[PDB]
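*Asks:* So in the UniProt record's numbering, spot 109 of the first sequence is number 489, and the numbers just go up one at a time. There's a structure below that I have some questions on.
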Amino acid sequence: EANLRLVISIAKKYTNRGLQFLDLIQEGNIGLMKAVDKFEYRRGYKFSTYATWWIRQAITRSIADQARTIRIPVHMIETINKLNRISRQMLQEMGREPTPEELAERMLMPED
DNA sequence: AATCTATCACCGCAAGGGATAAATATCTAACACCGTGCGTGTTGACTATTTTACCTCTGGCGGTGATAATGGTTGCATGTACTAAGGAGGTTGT
């Protein structure tokens, strides 16, 4: 209850058309349960930082592989999104259309 | 359903055109030979077909970070034309 607002200010970032303007807040409100259970204030650190790690990634996963058509081990989910993040160079440095042939040097790896 | 005279014409019956098939002569193809070289055979040494064993790849997925970060986003459902229903509440009536 004391943290229900911090769940909005983190979650609402990700609700940006992502799947809906709403639902990620309520999944953050369940990530907050694991956070409240493992709240090691006995290290010294603050619940702001706790939320910035754990509750943020509960908010991320709430529509990463949850609510999709498809779901995989998570390294192989967000790696598809590493490529979309890298494409921000491609679309302006090769800079007319995207080319997997450029992505091969930007990943140092074979396409297949 | 038979009779024919009297139509417009097919027959009455001369001509002649193309045709095809005979004989000739040309073509090609079918073959039989030869020669080439390849996929005829076993053997043998190679090296890496497969297996298992061993030593030690790739990628299975589980786990969760802390100088601190603690009031949020979200834009347009719709402007029209109808009108049936429920909702309101004061009151002049039932």
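Backbone N, C-alpha and C define an ideal beta-carbon position, used for all residues, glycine too.
On the criterion of 16 or more Cβ atoms from any shown chain inside 10 Å, does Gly-408 qualify as buried, or is it exposed?
*Replies:* Per the 10 Å Cβ criterion, buried.
*Asks:* Please confirm whether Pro-480 and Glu-491 have their CB atoms less than 7 Å apart.
*Replies:* Yes, the pair counts as a contact, with Cβ atoms nearer than the cut-off.
*Asks:* State the DSSP-derived secondary structure class of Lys-426, mapped to helix, strand or coil.
*Replies:* Here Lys-426 sits in coil by DSSP.
*Asks:* Whose C-beta lies closer than 6 Å to the C-beta of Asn-396 among residues of the same chain, with five residues either side of it excluded?
*Replies:* Same-chain partners within the cutoff: there are none.
*Asks:* Which residues bound the alpha helix (DSSP H) around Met-489?
*Replies:* Segment: none, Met-489 is in no alpha helix (DSSP H) and carries neither H nor E.
*Asks:* Can you tell me where the alpha helix (DSSP H) holding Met-474 begins and where it ends?
*Replies:* No alpha helix (DSSP H) holds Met-474; DSSP gives it neither H nor E.
*Asks:* I need the DSSP call for residue 537, collapsed to helix, strand or coil.
*Replies:* Only positions 381 to 492 of the chain appear in this structure, which leaves residue 537 out of reach.
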